[PDB]
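Trainee: Quick one: experimental structure and sequence below.
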Amino acid sequence: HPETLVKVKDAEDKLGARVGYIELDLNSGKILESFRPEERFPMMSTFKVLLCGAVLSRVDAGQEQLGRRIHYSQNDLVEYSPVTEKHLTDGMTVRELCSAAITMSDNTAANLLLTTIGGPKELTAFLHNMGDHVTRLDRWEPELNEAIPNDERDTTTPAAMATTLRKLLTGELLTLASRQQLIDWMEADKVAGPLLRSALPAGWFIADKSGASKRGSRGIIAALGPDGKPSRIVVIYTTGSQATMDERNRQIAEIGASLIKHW
């Protein structure tokens, strides 16, 4: 809907930054709306969903097992590790690490998962192998959040991310059980409360993952729709603002409310 493009255009205005937007029908693949679809933006935390796709892909091939326990130490803890910090003696299963990376955005968990696949280079090879020759991870947590203008490391485009997430969720790459697990973690997300979630009426599905980094960066990827009805994929990134966190949050909710209202 043009009124959703209008809200996205208002958002550039109010944030003083570029916003990239994609609304994609999930079942059919038809792109319903786009805006700056081929511009690069920092992936920030939205990458952790790709990362767990790679892992679930290794599970399917028998190169990984979700029940395997990983032991780590105090010195692997990096800022913002709500779950990993509580299991120094205990360790975590790979399944517990995905859940933490997805639902809590645990940075240590993502680093541990990246070690299991053999690093950010391998994530990019995974992506490149599934048809996305655009998106790349180059660094580990916390440095992948830098967000230097014009730097292509740790970036994606609204169009590449939207279609990649489309293939992960419903394409021919993962098993039915892996597709289902991915969606389940994304539905349990706890850190995107003030974004698209807050626009959603009762009786709606949503499975999402948000991100934030330096230089005013904000983003969310989502699948969502009325329960039992054809879902859409939505991908919003903005970078370059000096605006507050809460005002970045409020522009994404206002975009969400237009999309929902004009569904």
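Mentor: Great, that's in hand. Numbers count the residues shown, from 1 in each chain.

Trainee: residue ranges of the strands in the stretch 101-250 of the chain, please?
Mentor: Per DSSP state E, counting those that start in this stretch, the stretch 101-250 of the chain carries strands over the ranges 155-156, 204-213, 217-226, 232-239.

Trainee: and the shortest one, how far from the chain's centre?
Mentor: If I follow you right, that is strand 155-156. In terms of Cα atoms, centre = their mean, to the nearest Å, the centre of strand 155-156 is set 11 Å apart from its chain centre.

Trainee: which residues touch residue 255?
Mentor: Contacts of residue 255 were listed using Cβ atoms under 8 Å, 6 or more residues apart in numbering, and they are 4, 7, 8, 11, 21, 236. The C-beta positions use only the backbone N, C-alpha and C, and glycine is treated the same way.

Trainee: For the closest residue to the second one other than its chain neighbours, the count of nearby residues, please.
Mentor: Read it as residue 7. Leaving aside its sequence neighbours, residue 7 sits nearest to residue 258 (Cβ to Cβ, 6 or more residues apart in numbering; 4.3 Å). Other residues lying near residue 258 total 20 when counted by other Cβ atoms under 10 Å.

Trainee: Now name the helix or strand holding residue 258.
Mentor: According to DSSP states H and E, residue 258 maps onto helix 245-261.

Trainee: mind saving the C-alpha coords of that helix as CSV?
Mentor: The C-alpha trace of helix 245-261 is given here as CSV (Å, rounded to 0.1, in the frame of the first residue of the first chain):
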residue,chain,number,x,y,z
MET,A,245,16.4,4.2,20.4
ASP,A,246,12.7,4.8,21.3
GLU,A,247,12.1,7.0,18.3
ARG,A,248,13.6,4.5,16.0
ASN,A,249,11.3,1.9,17.7
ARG,A,250,8.3,4.2,17.2
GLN,A,251,9.0,4.6,13.4
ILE,A,252,9.0,0.8,12.9
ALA,A,253,5.7,0.4,14.9
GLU,A,254,4.1,3.2,12.7
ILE,A,255,5.2,1.4,9.6
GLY,A,256,3.7,-1.8,11.2
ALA,A,257,0.4,-0.2,11.9
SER,A,258,0.0,1.0,8.3
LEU,A,259,0.9,-2.4,6.9
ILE,A,260,-1.6,-4.1,9.3
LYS,A,261,-4.3,-1.5,8.7
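
Trainee: What are the buried residues along that helix?
Mentor: Neighbour-count burial for helix 245-261, counted by 16 or more other Cβ atoms under 10 Å, picks out 248-260.

Trainee: Strand 232-239 and that helix, what's the angle between them?
Mentor: Between helix 245-261 and strand 232-239, the angle comes out at 150 degrees (axes from the mean of the first three to the mean of the last three Cα atoms, to 10 degrees).

Trainee: contacting residues around residue 39?
Mentor: Contacts for residue 39 (Cβ under 8 Å, 6+ apart) come out as 18, 20, 157, 158.

Trainee: which one in the chain is furthest away from the centre?
Mentor: Each residue of the chain has a distance to the centre, and by Cα atoms, centre = their mean the biggest one is for residue 89: 29.5 Å.

Trainee: So which of the contacts of residue 255 belong to helices?
Mentor: Among the contacts of residue 255, the ones falling in helices (DSSP state H) are 4, 7, 8, 11.

Trainee: Residue 37 contacts residue 159, doesn't it?
Mentor: Yes: counting by Cβ atoms under 8 Å, residue 37 touches residue 159, with 3.9 Å between them.
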